[PDB]
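J.: only geometry, no sequence info:
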Ligand SMILES: [Mg+2]
Ligand SMILES: [Mg+2]
C-alpha cells in the first residue's frame, strides 16, 4: 500500500496505488484505495482491508447522519470520527487512514491517523508500505500552495518511486481531486509513471 | 489411580473400591469408602480428582433421594445411569468439568434383574457384566473374560473379585491398602466385613 | 402511572377465592363437554365439538382431543389457543423427561407439572390464567391406566370417570348412575356417547359435532386410537344414537 | 476448490468444480458448489464448506425477508454488505471465501468477499486452491465487451485449469449464468471430462459369502 | 419505564374476555373478505376500499405472500395485519426453513400465527389483534388447505368461509353453492359472486383483490436448471384477469 | 365525552390536548421573570431573583447556568427541573464534543433539549418539566437564542421572556424589535435587558428583587459565556433605575 | 488425545436398486483398552436411520436429542420425518454448536415414503452435508472404508447383493483398524421392510 | 388537593405538586433547628424532640466532613440517606481531587438528589429539611435545603415547628450576628437566643440542646450534653 | 372508563387514543398538500408565524430526512421533530446495513409499523402527527406516501392534510378527474410548485405572501427546500398568469 494526500491552493488531492497483495501474490491489481465518506471528504486506507473498509463504512454512516441532522460536516469532524473509532478499538484494529477534505470555510485539509488512533494535521501526509521509500524525496520536493498540475505531478512522482521500490505497491495510480469545482477522478497507467 | 471394580452376577451386583487415599507422598487414609448409596437398591462407586468425587457423588445422591421422596418410588438403575451420564455430559462442556468416573450397581425390582453401568467423566455410559475405571481394567479384564460366566453366584463373583485383587496387589506399583466390597441384592446393599 | 389500570388478576376475595380462577371456570362452563371413562381394560375420551357449519372441515380439525405423547392424551374444555400452548409445553416436558431418564414420563408427573404452571399463573406475574380445563388419559407401568383432571386453579385430581366443561353436574350424575368398576372399553364408549347425547345443547348428536379417542392395550403395547369421522359415524349408528 | 466469476456485456457468469476433499481423500466426486442467495443472485464458496453453506443460507433467508418487506427485487450490493458485516463480526472465524455475482434493477454485479470481512470488485475473479491456474487463464484470455458464450467458455477454461493443474479441484464443472433480461440459468455438470473408466472386474460376491450370526426384523411403523 | 407488565385482557365475571370480544367486534366492522377451497387450489378475495381516488390501489395490498405456497388475507385493522404478515414471514424462516430446509406447512404457520395472537391476548400491556385472518396454503403432505384465525388465537379449517361486514350473507351464499367436486375456476367465479354481493362501490379489477393457491408457476421462479425446485403456487391475480372474468359473468 | 383525562401524563383529551403539559405551563407561569435578547453578534440573558427575606446573601443563589463554554441557560418555574435539564444538556454537549471535537451547535443543543423534554411527555410514568427555558449562545453560524416549553416545543426567537411579568417583558421586547431593525449592541442589549427586567418586576412588586445578567458575544466576550458583573452591571442597573422614573 | 480417535468405531451406508444399507461396528474402548462389544452406533427414528461415529458421549447425546426433536416433529406434523428433512435437521443442529462442536460424524440413510427414492447423506462435525448417491463412510477407518467402497460398489443391485457388498466392505475395513471391530451390525432397508443382521468377525 | 395528591408524577390544575407540599408539612412538624454564620465561623443550634420523657433526644446534627455538616428537621432516615450521599460526595472530592468539596457544589448535588425523586413515578420526595454549614476556600456558608430541590444560601435561617420566631429574630439581628467575627461563643449564644425565641412553654435544658460549629482554624465539631451547659 | 385512556379496545371496538391523536394532528392549524410532477415531487405547507418575536427561519414543519427523502409533518412540533429524528436515523441505518438509500415507501412502512406498535402497546401513546414523505425513488419515480397515528400508511398521486384538508383533497381530485392522468405533466419543477400553490390558493380561498408558504421539492437524488426569495419568484410568476 502507498497512499498520500496533499493540500494545494485550489483544494486537496489524494493519491494511491491499486495493488492489494496476500503475501507475495497480487490478489487485486485494480483496487480503489480512495474511499469517499462524504461529498468532499475522502480517505486513503492502508493495513487490514476488512478493518479499513469497516471503519470507512461506519464513518460514512455517521457522516450521513450528521448531514441529516446538523448539515455538512467539516473535515475535522470526519477526522475526529475516524480518530475515535481507531483509538477506542486500537486493540483489534490495524488501519492507517489519511482523511482529506475540502470545504469552503477552511479550504482543503489533510489529517492522518496512524496506528494507535492518533490524529495529526499536515499540509501533506504519506503512509502505507511503500511510503518509507519516498519520505526524503517528498520532503525535498513538497511546496506550499502548489497548482493542480504540479501537485498531480508531485504525487505521481512520489507514488511511482514507491511503486518501483516497494513490491507491495503497484498497479495504477488513482487520484481524487477535491476542489471548489467538485470531485475529479484521475487514473495514471504504468506506461506513464514507469517512464518517469 | 484408585481401584474401582464391579461385577454383575445372576443374583446380585458386587462393587469393590480401594481403601487408600494418598495426598502428596503420604498415604493419608487407609479406610476410605469410595461409594455413595443413591437408593436402597442402587449404589454408586466413584473415583477421580480430589474434591470433585465427593461433591459430585453427594450431589447425585441428594438428587436421587429427592426424586425418591417426591414420587414415593425408587428409580430404576437405567434411569439413574441416564441421569448421571447427562449430568456428566453437561459438566464436561461447562467452565470447570467434573473429573469423576462412576460405577452404578443396581437391582431392578420391576425386572428382578441385576444391572451394572460404567460411566466415565466424559458422559460415556455402558452396561457391562464386569467393569472397571482406570488401570484396574488392564489387569482384571483378561481374568473376567476367561473365568466369568452369566449364571455365576454371589460367592463365585466374590472369588473372582478376590483373584482380581490378588493380581492387582501383585502387579501394581501403587499400594491401594486393600479394597472394600459391597453386594447389592433384593435385601439392599451390604458390605463384606473382611476381605 | 399505570397502577390505575392494574386488574390484579392474582388476588383473594374476602371469602378467600381467586376472582380470575372462578371467572375462567365460568368461561369453561360455556365451552364444550369432555368426558373420560377408565375401564378395566383401557381409557376412553369423548368430547363435543362446539363449532358447527356445513363448510367446516371436521376431518383435519381436532379442537378438543390432543396427543401429549405416545402413551398420554388430553381432552380440553375452554380456549383452544391457551390449550395448545399448554399442550406444547407439556410435550416439551415429556420429551425432556424421556431424554433425561430414557423412560416414558408417568402421567401424574406431567399432570402435576402442568398444574404447578397453572398455580404459578394464579399467584405471581399479574397475568390472566389459562381458560382451559384438561382431562388426562394416560398409562404408565406403575399405576397402569390413569384419568386426571386439571382446572385453571392449578389443582389436579384423579378419577375413575369424570367430565369437565358444560353441564358438569348433570353429566356427572348420569355417569354415577351408569358407572360400574367392572365395565369394559365398549361399555365406557356407550356410556360416554349417551351422556354426551343427553347433555348436549344441540338438536341431535351427529358425527360432525364430536370427537372420540381410546387408549387401549391392542401384545403388551398400549395404543392411542383417535377416531376418524367415519369411525365416529359407525360407532354412532352401532350404539343406535344415529342411523345409516 | 476452484471458483471463478466473469462479467460479460449483458450479465455475469460464475463457475466451479465438483470435488470436496476430506483432507487428501475425495469425499464427494460431484459436489455442487454454486449456491443461490436470490433467484438472480448466486455465489460460489470456498474454504470451510459448512461455513459457506451456513452464511449463504442465512443471507438468502434474510434477503428474502428484506425483499418481501420492501416489495423490491434483491440487490447484489445488499448481499455484499450483509455478508461482509457478518464475516467481519466474527473476525474471520467463519472460514468462508465467496465470489458473489448477480443481476438486479441496478445492473450486473460481481464481487468477492474474504472471511475476515474484506470485499473487492472486478470483471474476472477467482478463489480457492486452484485459483492461481484459473487466474492465469483469466489474465491470458479476458477482454472487454465479452459475449455470453465467450464469458462462459472463459469461466469453463479457468475451472478446467484449476481442475487439471491443482490437486484440490477436479471432477466436473458447474456454471451459473445471470443475464440482465432473462432468468438465471444454472448448468449443473456443464462439462464431464473425468468420467470414470470401466473396471477390470465385477466384484459381486456370491450370496452367503458373509458370516451371519443373528438376523431379526425391527419395527418401523 | 414500562410498567404495563399486567395482562390487559382478563376474564369478566360472565366468563368472557372483554378485549377479545371487542377485537371480534372491530373485525365484524371491517371490510368483508372471503376464501373458497376447491379441488386443485384455494381462492382468497377481498375489497380494496379506497378512501380517496387520489390514492393508488396497488399501494395497499390486503393479500400478502407468506411463503411461495401460502398466502393470506384479512378483515379488520390494516396495520395489525401488516405487522402480523411481517412476523409470519420472519417465523416461516427462523422457525422452520432455517431448521428443516423447507417452507413450513399451512397448519404449522397457522399455529405459529395463532400463538402470536394468543400471546397478544395474554401478555402484559398488549391489546389483542383487531384482525381476522384467512390463510390459504398448499403442502405436499396435507394438500390444499384454507384456515381461519381469530383474535382469541383460535384457528379452524374451512372448505369456504368469509369474515367482516357481509359475513353472514356471504357464508349463507357459500353454503348453498359449495361442492366437493368444484374446480379452481368455478371457485374463482363463486368468490367473485360472493364478493359482488358484499360490495357497494365500484366493482372491477382495480377495486377488489384476489389471489389463488393453485398450480406451480415455473416461469415465476426466476431461475432454471434445478428440476427438483418448483415454482410458487401462490399467485395474485392481475386487474386484467379479474376484469375478463367479470365481463364473462 | 368523559372525565379525568387530566390525571395522567401523555393521555390525550377528546380535543387533542395534554392537560398535564398545560399544568406544567401553569407552574412555569407562577415562576419569576426571565428574559433573553439576541443582539448582532451574541445573546444576553437576564433574570429576576425574588428577595424572599433580607437574610438571603445577595449576589448568591445564581439562576443562570453555563453549558459547555459558549451556551447560557435560564429558566422560569421549578428551578430543580431546570438544573436537571441543564445537566442533561451538559451531558449531550460533552458527548457531541467527544465524538466531533467541535463545540455543539446551538440548533443541535436546542434539538437535544427539545427531544429530552418531549420524551418526558410520552409516558405516564414521568412528569413533564416544570420549567420554561430561555437559552442560547454563539457558534460558527452566529448568534442564536432559543426558548423551550414543557411540551417539548422550542423555537428560535429574537427575544424571549417567561415568568410572571413575561407579558410586559414580551411587549417591551416587541418595541425593541420595532425600533431597531439594524440590531442592538451587546452592551446596549445588556442595558435594555436590565430595563426590561425592572419593567416586568412591576407584576411581582410585592417583594424586592435582584437582577442577574449574563452575555455571550463575539466582540465583547470573545465567544464565551460570561456573567455581567462589576462596573457594567452597575451601569445597566443605573440605566434601568433611571428609566423606571 | 484426538477426541474423535478416543472411542473409535465405523459406520458405512450404501445405496442399491430401491434399497439402502447401513452398517456399523460394535467396538467401544478407551484408546487401546476395548471396554464394550455391545455398543451399537446406528439408531432409527421412524423410517430414517442415523449412524454416528466419534466421541461416544456425543454419539449418545445426539441420539437422544434427535429422538427428542423427531418425536416433537411427529407430534406437530402428525407424520414421520423424511430422510431429507432429517438430514437438514442434523446439519442445522450440528452447525448450532459451530464454536463448541460435537465430535461426531453422522450418516443418514433411508427411503422417502412418498417418492420411494433411496437417500443417504454424510456430515462433518459442523454439519456440512455430503449428499453422495454411491456411499457414505465415517469413523476411524474412513480411508479403508473409502477404498473398499470405491472398489466393490456398483449401482442398481438387489438388497441381498447390497448386503453382501456392504458387509464385506465393513469387515475388511474394520480388520485394518485397531480401533474398530468387536462385532458388526448391518441394516438392509427396503420401502416396507428393515432387516437387521449381526456379523461374525475376528474379536481383536 | 383531591384527585391530584396520589403521586409525585401528577401536576395539579394550578401547577402544584401536593406530595412535595406534604413532605414540606412533614418538615414543619419536625423539631426546630436554626443556623447562623459570620465571616469567620458558622454555628448550627438544634432542639432535639423527645416523644415521651423517657425517650432520648434524637441527634439532629450530622457531620459530613471535617469542614461541613448539617442539621435535620423531619424524617430521620431520609436525613440519614441525604447526609450519607453528601459524605460520599465530600469523600470523593477529597480522594480524587485532593480538594475539599465546596458548600455550593454540595448544595447543587443535594438539589439534584432531591429532584430525581420528585419527577419519576414511584418512591417519594424526601421528608426532611436540612441546614448545611461549612467553611471552604470561599469562607463560611449556610444553606437551607428543601425536598422540592430549592437550596438557598443564607446568613441565618431556621426550620421546624414555629421556626418563624427564630427566623424573624435572625432577620432583626442580621447586622449583629453577621459581624461576630473571631469569637465562636457569642455566635453560639446568638443561636441559643434565637432557638429560645422560637419556644413555647419550653426551656432549654442540657439534654435538649445540640450545637455544631465550623470555621477557620476549627474543624466541624459537635457539642452535646454538658458541653452545651455553658450556653444554658 | 379507562378504555379512553390507553391503547385498548372500547366496547364498540374503537381505539379512542388513536382518534384523539388524529384530532391533535390539526392543532397547528396548518394545511399542506403534496403533488407529483413528471420527474419531481412538490409539497406546500402553510407557514404561520403569529408572534413577531420569532425567528421565522426557525419555524418549519418540513424536514430533510435523507438526500432523497423529504417529510412534511401535520401536527405539534415536538412529536414532529421526534418522528423526524427517528426517520433520519432509520434512513441512515438502512443505508449502512443494506448498501443503498432507503426508499420512500420503505421508510413510510417503517414509521407506520412504529405507529402500529404505539397503537397496540399501552406504555406508548401515538404521535399526534401525520407524516407525508416525498421523494423520487429510483425504482418507482415520484413518490408520495402518508402515514398517520393509526399505523396506517398509503401512497397517493396527490394528497392533502390539515383542517381544510377536505377542500384541498376535493380540489385535487377534481383536477385529476379533468386531466385524467396521475401526475402533473410538467417537466420543470418550478411550474409544478406554481401549480400546487395556485390550487392551494383556490381551495383555501386566501392569498399568500412569500412568508406564508414552505415549499419542498424532491428531484432525482436531491431533496431541497425553497428559500423565501424563490417562493416570492414563484408567486410573482403565478400573479402574472391568467
Ligand atoms: Mg488437479
Ligand atoms: Mg480390530
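T.: That came through, no problem. Residues are numbered from 1 along each chain as shown, chains lettered A, B, ... in the order given. Ligands and ions are numbered 1, 2, ... in the order given.

J.: And the strands in chain A?
T.: A:2-8, A:11-16, A:20-22, A:25-28, A:34-38, A:41-47, A:95-103, A:107-113, A:120-121, A:124-128, A:173-179, A:182-188 (DSSP state E).

J.: Quick check: which of those strands is nearest to chain I?
T.: Checking the strands of chain A against chain I by C-beta to the nearest C-beta gives strand A:34-38 as the closest, at 11.3 Å. Bear in mind the C-beta positions are built from the backbone N, C-alpha and C, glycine included.

J.: Please name every helix or strand in contact with the closest one.
T.: If you count contacts as 3 or more C-beta pairs under 8 Å, 6 or more residues apart in numbering or on different chains; DSSP states H and E, strand A:34-38 packs onto strand A:41-47, helix A:49-70, strand A:173-179.

J.: Adding mean neighbour count and distance to residue F:232, write the strands of chain A out as TSV.
T.: Below are the strands of chain A laid out as TSV (neighbours: other C-beta atoms under 10 Å in any protein chain shown; distance: least, C-beta to C-beta, whole Å):
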stretch	mean neighbour count	distance to residue F:232
strand A:2-8	28	44
strand A:11-16	28	45
strand A:20-22	16	64
strand A:25-28	15	67
strand A:34-38	21	44
strand A:41-47	25	43
strand A:95-103	27	37
strand A:107-113	23	38
strand A:120-121	13	39
strand A:124-128	25	47
strand A:173-179	23	46
strand A:182-188	13	49
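
J.: Can you name the residue of chain B nearest to chain C?
T.: residue B:79 (4.0 Å).

J.: try chain A
T.: For chain A, C-beta to the nearest C-beta, closest residue to chain C: residue A:69, 31.7 Å.

J.: quick one, what contacts the closest residue to that residue other than its chain neighbours?
T.: Nearest residue to residue A:69, sequence neighbours excluded (C-beta to C-beta, 6 or more residues apart in numbering or on different chains): residue I:88, at 6.5 Å. By C-beta atoms under 8 Å, 6 or more residues apart in numbering or on different chains, residue I:88 lies in contact with A:65, A:68, A:69, I:63, I:65, I:66.

J.: Now tabulate the helices and strands packed on strand A:34-38 in JSON lines and tack on distance to residue D:67.
T.: Listed next are those as JSON lines, based on distance: least, C-beta to C-beta, whole Å:
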{"stretch": "strand A:41-47", "distance to residue D:67": "32"}
{"stretch": "helix A:49-70", "distance to residue D:67": "22"}
{"stretch": "strand A:173-179", "distance to residue D:67": "34"}
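
J.: what about the longest strand belonging to chain H and chain F, touching?
T.: The longest strand of chain H (DSSP E) is strand H:128-136. No: Strand H:128-136 lies out of reach of chain F by C-beta under 8 Å from any C-beta of the partner chain, never closer than 12.3 Å.

J.: List the neighbouring strands of that strand plus their orientation.
T.: strand H:68-74 (antiparallel), strand H:139-145 (antiparallel) (DSSP bridges).

J.: Please name whichever of the ones you listed is nearest to residue B:99.
T.: Residue B:99 sits nearest to strand H:68-74 of all the strands paired with strand H:128-136, at 58.9 Å, using C-beta to C-beta.

J.: after the closest one, next one along is what?
T.: For strand H:68-74, the following helix or strand on the C-terminal side (DSSP states H and E) is helix H:76-97.

J.: Could you check the angle that following helix makes with strand H:68-74?
T.: Here helix H:76-97 runs at an angle of 160 degrees relative to strand H:68-74 (axes from the mean of the first three to the mean of the last three C-alpha atoms, to 10 degrees).

J.: For helix H:76-97, list every residue counted as buried.
T.: By 16 or more other C-beta atoms under 10 Å in any protein chain shown, the buried positions in helix H:76-97 come out as H:78, H:79, H:82, H:83, H:86, H:87, H:89, H:90, H:93.

J.: before we move on, back to that, okay if I get the strands paired with strand H:128-136 as a markdown table plus mean neighbour count and distance to residue E:143?
T.: Listed next are the strands paired with strand H:128-136 as a markdown table, based on neighbours: other C-beta under 10 Å; distance: least, C-beta to C-beta, whole Å:
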| stretch | mean neighbour count | distance to residue E:143 |
| --- | --- | --- |
| strand H:68-74 | 26 | 77 |
| strand H:139-145 | 22 | 78 |
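
J.: a markdown table please, covering those strands and showing distance to residue G:21.
T.: Below are the strands paired with strand H:128-136 laid out as a markdown table (distance: least, C-beta to C-beta, whole Å):
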| stretch | distance to residue G:21 |
| --- | --- |
| strand H:68-74 | 88 |
| strand H:139-145 | 88 |
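
J.: out of those, nearest to residue F:217?
T.: The nearest among the strands paired with strand H:128-136, by C-beta to C-beta, is strand H:139-145 at 31.9 Å.

J.: now that closest one, how far from the chain's geometric center?
T.: The offset between the C-alpha centroid of strand H:139-145 and the centroid of the whole chain comes to 9 Å, using C-alpha atoms, centre = their mean, to the nearest Å.

J.: go on, stretch F:16-23?
T.: From the chain centre to the centre of stretch F:16-23 is a distance of 22 Å (C-alpha atoms, centre = their mean).

J.: now swap in stretch H:59-68 and tell me
T.: Using C-alpha atoms, centre = their mean, the offset of stretch H:59-68 from its chain centre is 10 Å.

J.: centroid residue for the chain?
T.: Using chain A here. What sits nearest the mean C-alpha location of chain A, by C-alpha atoms, centre = their mean, is residue A:44, with 2.9 Å.

J.: wrong one, chain G
T.: residue G:51 (2.6 Å).

J.: isn't that residue right up against residue G:137?
T.: No: with contacts counted by C-beta atoms under 8 Å, residue G:51 stays clear of residue G:137, the gap being 10.0 Å.

J.: List, one by one, the residues from chain E near chain I.
T.: Checking chain E against chain I by C-beta under 8 Å from any C-beta, the hits are E:2-4, E:8, E:18-19, E:22-29, E:52-56, E:59-60, E:78-80, E:82-83, E:86, E:120, E:125-130.

J.: ok, of those residues, which come out buried?
T.: Buried among these (16+ other C-beta under 10 Å): E:3-4, E:8, E:18-19, E:22-29, E:54-56, E:59-60, E:78-80, E:82-83, E:86, E:120, E:125-130.

J.: Name the residue of chain C that lies nearest to chain E.
T.: Counting by C-beta to the nearest C-beta, chain C gets nearest chain E through residue C:81, at 2.8 Å.

J.: what's around that residue, how many residues?
T.: 26 (other C-beta atoms under 10 Å in any protein chain shown).

J.: which residues does it contact?
T.: E:114, E:115, E:117, E:118, E:121, E:152, E:153, E:154, E:155.

J.: Among those, which ones are in helices?
T.: E:114, E:115, E:117, E:118, E:121 (DSSP state H).

J.: wait, what's in contact with the residue nearest to the third one when sequence neighbours are not counted?
T.: I take that to be residue E:117. Nearest in space to residue E:117, with sequence neighbours left out and distances taken as C-beta to C-beta, 6+ apart, is residue E:153 at 4.6 Å. Shown in contact with residue E:153 (C-beta under 8 Å, 6+ apart): C:79, C:80, C:81, C:82, E:114, E:115, E:117, E:118, E:119, E:120, E:121.
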